[PDB]
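S.K.: Pasting a structure here, questions to come.
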Amino acid sequence: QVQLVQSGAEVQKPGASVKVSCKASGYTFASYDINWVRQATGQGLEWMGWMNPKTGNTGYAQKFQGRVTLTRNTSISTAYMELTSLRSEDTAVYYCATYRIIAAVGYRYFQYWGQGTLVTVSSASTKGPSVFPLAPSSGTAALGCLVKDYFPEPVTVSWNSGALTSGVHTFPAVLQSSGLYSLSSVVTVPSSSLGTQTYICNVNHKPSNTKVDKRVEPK
Amino acid sequence: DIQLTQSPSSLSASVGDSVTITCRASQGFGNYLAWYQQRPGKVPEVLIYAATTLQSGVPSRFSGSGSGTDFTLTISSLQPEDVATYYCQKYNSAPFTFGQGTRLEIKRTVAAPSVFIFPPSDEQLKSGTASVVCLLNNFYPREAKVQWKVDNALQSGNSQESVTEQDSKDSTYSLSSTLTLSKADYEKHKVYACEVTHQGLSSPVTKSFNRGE
Ligand SMILES: *[C@@H]1O[C@H](CO)[C@@H](O)[C@H](O)[C@H]1NC(C)=O
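Protein chains in written order, with the entry's author numbering: chain H, 1 to 52, 52A, 53 to 82, 82A to 82C, 83 to 100, 100A to 100F, 101 to 128, 134 to 214; chain L, 1 to 213.
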């Protein structure tokens, strides 16, 4: 079936430019426009532009013309989005999207979306997190992982390699005065399991190619 | 050409209730209007197209109506997992303008938080920093307050709170409060406590631990 897969999360400094990629599969890539949408920190979806892969013709929202270049490589079914003069205000999740795959006109609603690409505008350097255990005390027990001092967002936390999900709360990242992110991931489990059940948290930070696993034991 | 105005910007209703979102256009565009749901941490997903057509696989409680310049999204039987931001879009031609978005919350029955406290790990102390964590689990409504005490001295300026999105199954919130200290300060003092005030609690609930034990 149809799929759009985008490049990984990225950091770029003020005035620095960024290029995002969108590899398509499951349909004739050249026969349909690729549209680009963005969600800035505390904003709604913002349509940026459209690109025809056959001709390379482009169209942009007023807010974005002279700032965005849409290109493509038809041989590897890839669309690209280049954004120039990066400002604080351009920190956002960037999406590529395409129409429903149908012959007929008037179906140019965005049926398919890329997974999204977090782009962070800052002069701060990249850093992988330290993971610290949140050990159960003393029924229902709460335990977790403190994922501290990483940059940029995001991280993914999973429990026992996706095995454990019911009871999981991952908190949104908070930017400390240090200029680095910290979050916690917690899980409420039966008390009688700490003796027999193994609880590991898996933290993936892809901007630093970091993969940490922390075992959470009762102290 | 064609401005799109979405209302309300925020909404609160109970499970099994009926709610309505409004999209007004400044001009006709032949009813090429789509409705998208974006749930917390997910990519957008189309619900409605051509003003009134339900996308295949989308639950029956979703319905679009209107034409010309006045459009409506209705949810006839609200579920917990419908906590999301909703968007109207014109797709007649470029630009493919989005509405401002409408955020939906579930009003449910009051629930007190379960409070847990976590000492710093031996591991972290080697960095020179101690992070004490206070978990407030599974509470409603969203308004809560956390006050840190170190040997009964109330703390200020040295902590941060983070709230989860409304759970897509029980419609509750969770909150984390991190107290950040120097290693010198953390090993100076004995009794670490967080005091939680919430409308489901008759009086503040305190959780504490003694450094060492
Ligand atoms: C397309 O991509 C491949 C690399 O994967 C490269 O060899 C080729 O030069 C590219 N061609 C165009 C026209 O971009």
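Every residue gets a Cβ at the ideal spot worked out from N, C-alpha and C, and that includes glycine.
Less than 9 Å separating the beta-carbons of residue 100F of chain H and residue 186 of chain L?
M.R.: With contacts defined as CB atoms closer than 9 Å, residue 100F of chain H and residue 186 of chain L fail to qualify as a contacting pair.
S.K.: Would you kindly report the start and end of the unbroken beta strand (DSSP E) that includes residue 91 of chain H?
M.R.: Element bounds for residue 91 of chain H: 88–94.
S.K.: Less than 9 Å separating the beta-carbons of residue 82 of chain H and residue 67 of chain H?
M.R.: yes
S.K.: What three-state label does DSSP hand residue 193 of chain H in the structure shown?
M.R.: coil
S.K.: With a 10 Å radius around its C-beta and 16 neighbouring C-beta atoms as the bar for buried, classify residue 165 of chain H as buried or exposed.
M.R.: buried
S.K.: State yes or no: is the C-beta of residue 103 of chain L within less than 9 Å of the C-beta of residue 140 of chain L?
M.R.: no
S.K.: So residue 135 of chain H and residue 185 of chain H are supposed to be a Cβ contact under 8 Å. How far apart are they, rounded?
M.R.: 7 Å
S.K.: Is any heavy atom in ligand 1 found nearer than 8 Å to the beta carbon of residue 75 of chain H?
M.R.: Yes; taking the cut-off as 8 Å, the Cβ of residue 75 of chain H has a heavy atom of ligand 1 nearer than that.
S.K.: Is any heavy atom of ligand 1 found at a distance shorter than 8 Å from the C-beta of residue 52 of chain H?
M.R.: no
S.K.: Given a threshold of 16 other Cβ atoms within 10 Å of its Cβ, counted over all protein chains shown, does residue 124 of chain H qualify as buried or as exposed?
M.R.: By the neighbour-count rule (16 or more Cβ atoms within 10 Å), residue 124 of chain H is buried.
S.K.: Could you tell me the alpha carbon to alpha carbon distance between residue 98 of chain H and residue 32 of chain L, rounded to whole angstroms?
M.R.: 16 Å
S.K.: For residue 126 of chain L, is the classification buried or exposed, using 16 other Cβ atoms within 10 angstroms of its Cβ as the cut-off for buried?
M.R.: Residue environment analysis places residue 126 of chain L among the exposed positions, since fewer than 16 neighbouring C-beta atoms fall within 10 angstroms of its C-beta.
S.K.: Kindly identify the DSSP beta-bridge partner or partners of residue 185 of chain H.
M.R.: H/135
S.K.: Out of L/120, L/162, L/153, L/208, which one is the CA nearest neighbour of residue 180 of chain L?
M.R.: Comparing alpha carbon positions, the residue from L/120, L/162, L/153, L/208 closest to residue 180 of chain L is L/120.
S.K.: Just to confirm my understanding: we take residue 151 of chain H, look at its own chain, exclude 5 residues before and 5 after, and list those with CB closer than 6 Å. What are they?
M.R.: 199
S.K.: Measuring from the CB of residue 31 of chain L, is there a heavy atom of ligand 1 at a distance below 8 Å?
M.R.: no
S.K.: CB-CB under 7 Å to residue 73 of chain H, same chain, minus the five flanking residues each way: which ones, in chain order?
M.R.: 29, 30, 52A
S.K.: Taking any Cβ of chain H, which residues in the stretch 123–134 of chain L have a Cβ under 9 Å from it, in chain order?
M.R.: 123, 124, 127, 129, 131, 133
S.K.: Could you tell me which of H/202, H/201, H/206, H/187 sits nearest to residue 195 of chain H, measuring between CA atoms?
M.R.: H/206
S.K.: Where in the stretch 106–167 of chain L do unbroken runs of the beta strand (DSSP E), each at least 3 residues long, occur, reported from the N-terminal end onward?
M.R.: Annotation: the stretch 106–167 of chain L contains the following complete segments of the beta strand (DSSP E) (minimum length 3 residues), in chain order: 114–118, 129–139, 144–150, 159–163.
S.K.: Using a beta-carbon distance below 9 Å, is residue 129 of chain H in contact with chain L?
M.R.: Between 128 and 134 the numbering of chain H has a gap, and residue 129 of chain H falls inside it, with no coordinates.
S.K.: If you drop the 5 nearest sequence neighbours on each side, which residues of the same chain put their C-beta closer than 7 Å to that of residue 7 of chain H?
M.R.: 20, 21, 107
S.K.: Which bits of chain L does residue 60 of chain H rub up against, with CB to CB less than 7 Å?
M.R.: Those are 95, listed as they occur along chain L.
S.K.: Name the DSSP bridge partner or partners of residue 83 of chain H?
M.R.: In the DSSP output, where bridge partners are listed per residue, residue 83 of chain H has none listed.
S.K.: Using the three-state DSSP reduction, which class does residue 201 of chain H fall into: helix, strand or coil?
M.R.: Three-state DSSP puts residue 201 of chain H in a helix.
S.K.: Going along chain H in order, which residues have a C-beta closer than 9 Å to the C-beta of residue 25 of chain L?
M.R.: Close to residue 25 of chain L, with beta-carbon spacing below 9 Å, lies no residue of chain H; the smallest spacing is near 15 Å.
S.K.: For residue 186 of chain L, which of helix, strand or coil comes out of DSSP?
M.R.: Helix at residue 186 of chain L.
S.K.: Pick helix, strand or coil for residue 43 of chain H, following the three-state DSSP scheme.
M.R.: coil
S.K.: Run through the stretch 24–95 of chain L for me and flag every whole beta strand (DSSP E) of 3 or more residues, listed as ranges in chain order.
M.R.: The qualifying runs are 33–38, 45–49, 62–67, 70–75, 84–90.
S.K.: Using only CA atoms, which one of H/76, H/110, H/59 lies nearest to residue 221 of chain H?
M.R.: The structure shown does not extend to residue 221 of chain H, since chain H is modelled only from 1 to 214, so the question has no answer here.
S.K.: Residue 5 of chain H and residue 27 of chain H look like a contact to me (Cβ under 8 Å); what is the Cβ gap, rounded to whole Å?
M.R.: Their Cβ separation, rounded to whole angstroms, is 14 Å, which puts residue 5 of chain H and residue 27 of chain H out of contact at 8 Å.
S.K.: Just checking: is the beta-carbon of residue 47 of chain H within a distance shorter than 9 Å of some beta-carbon in chain L?
M.R.: yes
S.K.: Check this for me: beta carbons of residue 64 of chain L and residue 44 of chain H, under 9 Å apart or not?
M.R.: no
S.K.: I'd like to confirm something about residue 72 of chain H: is its beta-carbon nearer than 8 Å to some heavy atom of ligand 1, or not?
M.R.: yes
S.K.: Step through the CB atoms of chain H and report whether any lies within less than 9 Å of the CB of residue 51 of chain L.
M.R.: no
S.K.: Give the residues of chain L in contact with residue 105 of chain H, contact being defined as C-beta atoms less than 9 Å apart.
M.R.: 43
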